[PDB]
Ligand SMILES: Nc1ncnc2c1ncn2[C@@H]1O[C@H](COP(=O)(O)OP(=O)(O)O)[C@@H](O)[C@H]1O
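Encoded as structure tokens, the following chain is the form solved without adenosine-5'-diphosphate, with no partner shown.
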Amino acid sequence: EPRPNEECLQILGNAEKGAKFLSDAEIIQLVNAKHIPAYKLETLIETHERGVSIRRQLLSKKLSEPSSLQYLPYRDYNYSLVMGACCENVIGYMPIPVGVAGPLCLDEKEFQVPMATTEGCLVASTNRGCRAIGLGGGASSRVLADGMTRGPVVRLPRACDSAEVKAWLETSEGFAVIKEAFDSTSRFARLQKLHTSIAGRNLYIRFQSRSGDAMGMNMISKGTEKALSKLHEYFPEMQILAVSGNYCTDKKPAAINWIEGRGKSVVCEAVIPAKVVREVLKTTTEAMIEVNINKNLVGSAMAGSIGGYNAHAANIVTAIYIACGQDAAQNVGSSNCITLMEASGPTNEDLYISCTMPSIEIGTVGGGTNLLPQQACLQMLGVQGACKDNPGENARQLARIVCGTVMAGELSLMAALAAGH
């Protein structure tokens, strides 16, 4: 029943037959005889799941243990939203357990916050943090700035010519020409003041702009390319070396994100009465302030940290990001946080706590937020997709929730560290 290569190939090349009329073993036989390249499987095979099934079968013969994929699931998942948009060479999916911490009492609302993690006690501990906030009267937050960035590097023939371009970009008329080119690429593109920096004949230019409820990499990058195209008409000796010169800065540690901000800059706060610190967090305000000063400020300082003046902000950021279809690699910068703890009240027994996070890189449209399970976690918070009547509000709201959940996480871990055990 398994036919020779030549007969299998004419069926493959027959337009009203194709791969649907071949068996798995026949397509695999063609791949092993070098008649079909492995990468062509995607467009040849009719069903997305069958493409995955055959890729898995081919992969399995190459492994030192043939059954290693047995427990990697792949069936009955919606590959229609993933192929050609979210992932390639797909062999299945990786399930991450999702837990819920809440209610998180933030800006007079209540949020049930999804958290995808495999770290024991993180969800329960964050949920204790939420309790302390809820019985403490709730938290308030503000978005202080908003704008994704891209920081390309361009080269001029001399440092004198890069100084020329820099000064041209700071004149109102030169900026306006660049701004019109940038803003024409999308309805959300609103270029803010340009920040630039010279290193000899290099010039690093930092384009910042809102992006609606999208995280905005693709949008800002498309606007950046058009903006540099206009700049090249005025300076034709300029060389566009890279559309990212690491001055954005994206997915690496950098002081510029900390100081200037990137994406949403957020601040969150709360006052925890002495009673609640006692009953929920099992400690005193005094013990918490001592740990916070000497761990999160002084410890982080001795360690030579830029932007890591916090206990485990990245835990909460990472968990929410995975659950809500964010780019989890952007937790590098998005976890930037400084946690402050102060005595409040007449006897200094209440705890003022705040978290400031200047660089939360987040969105509710595009990327992994296109997928339906990820959309379910976004719907939990009432932030899924674009907001028609107030663009950016959904991404802004999700960013506030991230900072407030980070604060809940900070409360709980700092109490456990102050306690002992």
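In case it trips you up, residue 1 is the first one in the sequence shown, and so on. Throughout, rigid core stands for the largest set of C-alpha atoms superposing within 1.5 Å between the two forms.
> Fitting on the core, do the C-alphas of 371-379 or of 58-66 deviate more in 6 other deposited structures of this protein?
Replying inline: Looking at 371-379 versus 58-66 in 6 other deposited structures of this protein, the farther one turns out to be 58-66.
> After fitting on the rigid core, which stretch moves more in 6 other deposited structures of this protein, 184-192 or 300-308, going by C-alpha RMS?
Replying inline: Of the two stretches, the larger average C-alpha offset in 6 other deposited structures of this protein falls on 184-192.
> Comparing 49-57 with 353-361, which stretch shows the greater average C-alpha B-factor in the deposited entry?
Replying inline: The deposited B-factors put 49-57 ahead on the C-alpha mean.
> Averaged over C-alpha atoms, is the B-factor higher for 308-316 or for 72-80 in this PDB entry?
Replying inline: Between 72-80 and 308-316, it is 72-80 that shows the higher mean C-alpha B-factor.
>> Using only the C-alpha B-factors in the record, can you name which of 260, 250, 269, 233 has the highest?
In response: Within the set 260, 250, 269, 233, 233 shows the top C-alpha B-factor.
>> If I read the C-alpha B-factors straight from the PDB entry, which of 119, 286, 327, 225 is highest?
In response: By C-alpha B-factor in the record, 225 ranks first.
>> Lowest, middle or highest third: which one holds residue 14 when the chain's residues are ordered by CA B-factor from the entry?
In response: According to the entry, residue 14 has a C-alpha B-factor in the chain's highest third.
>> Splitting the chain's C-alpha B-factors into thirds, which one does residue 295 fall into?
In response: Ranked within chain, residue 295 CA B lands in the lowest tercile.
> When the modelled residues of the chain are sorted by Cα temperature factor, does residue 97 land in the lowest, middle or highest third?
Replying inline: Bottom third by C-alpha B-factor.
> Sorting the chain's CA B-factors, does residue 148 end up in the lowest, middle or highest third?
Replying inline: Its C-alpha B-factor, which the entry lists for residue 148, ranks in the middle third among residues of this chain.
>> Ranking every modelled residue in this chain by its Cα temperature factor as given in the entry, which third contains residue 179?
In response: Top third by C-alpha B-factor.
There is also a form deposited with adenosine-5'-diphosphate bound; it is not shown, and the following applies to it.
>> Open or blocked: after superimposing the binding-site C-alphas and transferring adenosine-5'-diphosphate from its position in the bound PDB entry, do three or more ligand atoms sit within 2.4 angstroms of any backbone or C-beta atom?
In response: Here the answer is open - the superposed ligand has no atom within 2.4 Å of any backbone or C-beta atom.
> Just one of 361-369, 348-356, 374-382, 63-71 has heavy atoms within 4.5 Å of adenosine-5'-diphosphate in the bound PDB entry; which?
Replying inline: Careful reading of the contacts points to 361-369.
> Quick one: does residue 75 come within 4.5 Å of adenosine-5'-diphosphate in the bound PDB entry, counting heavy atoms only?
Replying inline: Judged by the heavy-atom cut-off of 4.5 Å, residue 75 is well away from adenosine-5'-diphosphate in the bound PDB entry.
> Is there any non-hydrogen atom of residue 212 lying within 4.5 Å of adenosine-5'-diphosphate in the bound PDB entry?
Replying inline: Close contact exists here: in the bound PDB entry, residue 212 approaches adenosine-5'-diphosphate to within 4.5 Å, heavy atoms only.
>> Check residue 193 for me: does it contact adenosine-5'-diphosphate in the bound PDB entry (non-hydrogen atoms, 4.5 angstroms)?
In response: It does not: once adenosine-5'-diphosphate is placed as it appears in the bound PDB entry, residue 193 has no heavy atom within 4.5 Å of it.
> Is residue 219 close enough to touch adenosine-5'-diphosphate in the bound PDB entry, meaning at least one heavy atom pair within 4.5 Å?
Replying inline: Yes, residue 219 lies within 4.5 Å of adenosine-5'-diphosphate in the bound PDB entry.
>> Counting any non-hydrogen atom inside 4.5 Å, which residue from 93, 235, 309, 188 sits next to adenosine-5'-diphosphate in the bound PDB entry?
In response: Of the candidates 93, 235, 309, 188, 188 is the one lying within 4.5 Å of adenosine-5'-diphosphate in the bound PDB entry.
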